[PDB]
Amino acid sequence: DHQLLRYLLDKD
Amino acid sequence: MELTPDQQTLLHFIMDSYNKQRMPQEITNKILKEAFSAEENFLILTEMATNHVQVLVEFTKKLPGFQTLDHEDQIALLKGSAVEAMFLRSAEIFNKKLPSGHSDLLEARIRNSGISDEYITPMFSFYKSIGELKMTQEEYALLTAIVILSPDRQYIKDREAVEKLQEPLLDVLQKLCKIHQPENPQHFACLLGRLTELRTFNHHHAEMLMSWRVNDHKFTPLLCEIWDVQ
Ligand SMILES: O=C(O)c1ccc(NC(=O)[C@H](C2CCCCC2)n2c(-c3ccc(Cl)cc3)nc3cc(F)c(F)cc32)cc1
């Protein structure tokens, strides 16, 4: 669980 | 052997992604202009490292097949590579040709930044060794991609799939070494050796930030995620 890392990965 | 059109296409695409980073001139002009306190330099480090990761995630996502990987493997790859990538990048910047004396002043500045002396020696020893390698931008970009796509990262559930991804980048880098440095057949192996040298910095990363000569060590929440801090 690393929301920002997962957010940066998934977004776009 | 020479690059095939498909490796040339791959290399160019990789460079495009890679060029999206903050210019090294920007960074060295900031350090060289005025000297700062340890607290001020800590701030610059956290910002620089915050922007470095954001760019790194973008570079990583553009790597061929990266998005085909298991979600949890992708995370373990980013965490496993962020610090090493930042150090390899710091080494690239350090080695950019500057007007006479600036090289010496940048080193002296960084040396005063606030980092403990235990880390300055292995840090500059690495930078000056990497510098000796005389790598092109392409070599830094491919070696960065090679570092990110390491099957050997702790927590990788399918090493085999990561190996399939890193495999074509290793081949391209090797060809560049034979092209750009054919008076040194050991060149490619030296590059791979320096990667083992990079992992050791990663082992002590949290300590080197924790030991920075400052009272309070405040990190952005993104940095707390990448860096095993706070
Ligand atoms: O691509 C990016 O966007 C990017 C990547 C990397 C850095 N790195 C930095 O700003 C820090 C500063 C940070 C401010 C204080 C002086 C060093 N930095 C480190 C260092 C030392 C120790 C630790 Cl723990 C991490 C790093 N070694 C450097 C060698 C250099 F020649 C240099 F110019 C800056 C350097 C900047 C930007």
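Residues numbered from 1 in each chain as written, not as in the entry; some residues may be left out. Chains lettered and ligands numbered in written order. Heavy atoms only, no water.

Asks: Residues and numbers for the site of the ligand, please.
Replies: Residue and element names in this part refer to chain B. Close to the ligand lie 22 residues; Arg89, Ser90, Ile93, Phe94 and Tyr127 are nearest. A distance of 2.8 Å separates an oxygen atom of the ligand from a polar side-chain atom of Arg89. Note that a nitrogen atom of the ligand is positioned 2.7 Å from one of the side-chain N or O atoms of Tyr127. Among the cavities detected, the one that contains the ligand is the largest pocket. (Near = heavy atom within 4 Å. Polar contact = N/O pair within 3.5 Å; in protein donor to acceptor, adjacent residues only side chain to side chain. 1 Å grid on protein atoms, 1.4 Å probe; cavity = no way out; pocket = protein on both sides within 12 Å on 5 of 7 lines; lining within 4 Å. Sits in = over half its atoms within 2 Å of the grid points.)

Asks: Go over the UniProt feature "binding site: chenodeoxycholate" in chain B, please, and point to the residues and values.
Replies: All names here are of chain B. Per the UniProt annotation, the sites labelled "binding site: chenodeoxycholate" are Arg89, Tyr119, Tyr127 and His205. Lining the largest cavity, from the residues named above, are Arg89. Mapped onto the fold, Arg89 is located in helix 4 (residues 71-94). For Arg89, the contacting residues outside a window of four places in its chain are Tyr18, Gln21, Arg22, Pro24 and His52. Among the secondary structure elements, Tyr119 is positioned in helix 6 (residues 117-132). (UniProt positions renumbered as here; feature names shortened; annotations may be inferred. Helix = DSSP H or I, 4+ residues; strand = E, 2+ residues; numbered from the N terminus. Contact = heavy atoms within 4.5 Å.)

Asks: Any chance you could break down helix 1 (residues 5-19) of chain B for me, citing the residues and the numbers?
Replies: Residues and elements named next belong to chain B. In this model, helix 1 (15 residues) spans 21 Å end to end at C-alpha, consistent with the 21 Å of a helix rising 1.5 Å per residue. Among all positions of helix 1, only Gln7, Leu10, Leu11, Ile14, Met15, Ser17 and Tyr18 are buried. Considered in projection along helix 1, the buried side chains sweep an arc of 160° and stay on one side of the axis. More than 90 degrees from the buried face of helix 1, the exposed residues found are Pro5, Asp6 and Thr9. (Expected span 1.5 Å × (residues − 1). Buried < 20%, exposed > 50% of the residue type's maximum accessible area, 1.4 Å probe, protein only. Arc of directions from axis to C-beta.)

Asks: Explain the nonpolar core to me, using residue names and the numbers behind them.
Replies: Counting residues in hydrophobic clusters, the biggest one holds 77 residues, and the most contacted among them are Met123, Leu149 and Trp227 of chain B. In terms of residue count, helix 4 of chain B provides more of this core than any other element does, 12 residues in total. (Core = buried A, V, L, I, M, F, W, Y, C linked by side-chain atoms within 4.5 Å.)

Asks: Can you tell me about the packing of helix 4 of chain B against helix 9 (residues 187-203) of chain B, naming the residues and giving the values?
Replies: All names here are of chain B. Interhelical geometry of helix 4 versus helix 9 gives an angle of 115° and a closest axis separation of 9 Å. With respect to each other, helix 4 and helix 9 are oriented roughly perpendicular. By crossing handedness, the relation of helix 4 to helix 9 is classed as right-handed. Taking contact as the criterion, the partners of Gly80, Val83, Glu84, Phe87 and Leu88 in helix 4 are, on helix 9, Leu198, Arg199, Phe201 and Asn202. When its residues are assigned to classes, the contact of helix 4 with helix 9 shows five nonpolar, two polar and two charged. (Axes fitted to C-alpha atoms, helices over the stretch in contact; angles between N-to-C directions. Parallel < 35°, antiparallel > 145°, perpendicular 65-115°, else oblique. Left-handed = near helix turned anticlockwise from the far one by under 90°. Nonpolar A, V, L, I, M, F, W, Y, C, P; charged D, E, K, R; others polar.)

Asks: Describe helix 8 (residues 159-180) of chain B, and please don't skip the residues or the numbers.
Replies: Residues and elements named next belong to chain B. Between its terminal C-alpha atoms helix 8 stretches 31 Å, which fits the 32 Å expected from 22 residues at 1.5 Å a residue. Residues of helix 8 that are buried include every one of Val162, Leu165, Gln166, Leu169, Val172, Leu173, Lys175, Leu176 and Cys177, and no others. The inward-facing, buried residues of helix 8 contact helix 1, helix 4, helix 7 (137-148) and helix 9.

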